[PDB]
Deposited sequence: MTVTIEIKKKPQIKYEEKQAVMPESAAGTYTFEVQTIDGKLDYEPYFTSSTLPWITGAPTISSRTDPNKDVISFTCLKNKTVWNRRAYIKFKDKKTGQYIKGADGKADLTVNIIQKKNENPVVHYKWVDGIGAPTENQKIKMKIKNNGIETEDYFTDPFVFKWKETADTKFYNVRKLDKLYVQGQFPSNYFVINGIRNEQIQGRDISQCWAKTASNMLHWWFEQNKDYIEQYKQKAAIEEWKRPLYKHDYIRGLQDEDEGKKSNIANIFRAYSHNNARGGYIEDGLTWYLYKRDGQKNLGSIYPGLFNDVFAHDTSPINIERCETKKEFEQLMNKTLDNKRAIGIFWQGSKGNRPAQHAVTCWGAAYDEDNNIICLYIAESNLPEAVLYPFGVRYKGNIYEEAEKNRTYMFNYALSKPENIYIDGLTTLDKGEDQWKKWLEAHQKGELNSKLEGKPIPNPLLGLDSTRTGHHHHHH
């Protein structure tokens, strides 16, 4: 009397649709019906209801195995694995090579009609349908005829009516032999003429974007500061922000006073810099930033001197860390710099897309290296099995063929600093 066996073609994954339901696959039963039990290799997966079962043995050549899935609301495939235990010997049944355990790969397909919602940084409004620009798929830099069709894949075009900031690197926009020869000339504080270059100033572009937002959100406090504080003479022109929308690429040097300050007076170290250094430099006096540039604005030093800094630096390396930190930042009305080592790189993030499970699926990025006057979408993905594992967050550039995985190291955030402003104002009215 031979011992029965079971076989399965492991080259074949079992791929149920995204819909909820009880799905099946077949296992071939050789020389009779082996007494075994199927098991998921992880029992704690929330999108599978219970253990798999043998739902039919009536065909002498095959068993039917059933398992039940919840609907996959996410835009990602999700994976599970079934192994088989010999009920008499207690051993796992072997696969075709006689060495590895027989393992059936389950991959539930992604939701093709997801309901997406969005969260934007406080105070910048939100894109209208006319401001959302769909994107073509590229192959080795050449655009194809196809488009990315996921609803969250769009560029947020800058118009006269939009309220985000995206200062771009002149050194990248510059077209040698087409742009004017005075393209990099800045009129400085003492009206001196300066040729400012910014090829490695992504930390400063991100800082400038966040400071434009901060000056706008705190416009009224800043007006009271100019009326009430004893302003240092040389700093008087710096107590405003100008960001002029609708300029051609050739006029980018005339677009932003804050960006121009960094470009005229800070540094362009090829190694890079840090978002938080540029933010501190602009806002209050700290010894670490003493030699960041040839001047030190430190414009509101007596508002933030001996109190909470509105600047924070937070690291993330798991999916849970990334989502908690993004949600905390967005829900607390703060602006967002994203950094990573790769040289230290930096971009600005103005919002995020979410699926119906509230996973973050896309970020909307001001990328000072990219040419268009838009925010670009960066898809968000996580290493490994998000249902089991830390799941290192990473993002990627939809605008590129074969985008490199960008492992986010952390966020640098800028708070409005309302309590510090109120205390400064209250202290003034008390000294009346």
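Gaps without C-alpha coordinates occur at 1 to 7, 350 to 355, 402 to 403, 448 to 476, with positions taken along the deposited sequence from 1.
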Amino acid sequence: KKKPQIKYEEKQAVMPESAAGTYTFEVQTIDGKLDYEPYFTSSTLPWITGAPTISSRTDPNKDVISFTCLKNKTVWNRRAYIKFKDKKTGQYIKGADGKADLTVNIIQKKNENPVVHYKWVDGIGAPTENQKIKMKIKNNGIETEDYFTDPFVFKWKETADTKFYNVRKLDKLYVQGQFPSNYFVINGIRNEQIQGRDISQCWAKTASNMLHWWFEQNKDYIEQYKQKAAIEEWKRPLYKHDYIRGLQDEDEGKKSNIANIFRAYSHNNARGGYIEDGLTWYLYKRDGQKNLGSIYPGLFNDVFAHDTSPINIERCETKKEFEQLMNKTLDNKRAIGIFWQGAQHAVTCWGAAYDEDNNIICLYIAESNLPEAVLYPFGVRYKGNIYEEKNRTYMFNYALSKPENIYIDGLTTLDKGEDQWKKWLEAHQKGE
From here on, numbers count along this sequence of modelled residues.
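In this crystal structure, the stretch out of 170 to 178 and 230 to 238 whose C-alpha atoms carry the higher mean B factor is 170 to 178.
Between 242 to 250 and 185 to 193, it is 185 to 193 that carries the larger average Cα temperature factor according to the deposited entry. Out of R79, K333, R315, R263, it is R315 whose C-alpha atom has the highest B-factor in the PDB entry. Reading the B-factor column for the CA atoms of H212, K71, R271, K205 in the entry, the top value corresponds to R271. Ranked by Cα temperature factor within the chain, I365 sits in the lowest third according to the deposited record. Per the PDB record, residue ranking by Cα B-factor puts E143 in the highest third of the chain.
Per-chain ranking of the deposited C-alpha B factor places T53 in the lowest third.
Among the modelled residues of its chain, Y221 has a C-alpha B-factor that falls in the middle third according to the deposited record. Looking at the C-alpha B-factors along this chain, the one for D31 belongs to the middle third.
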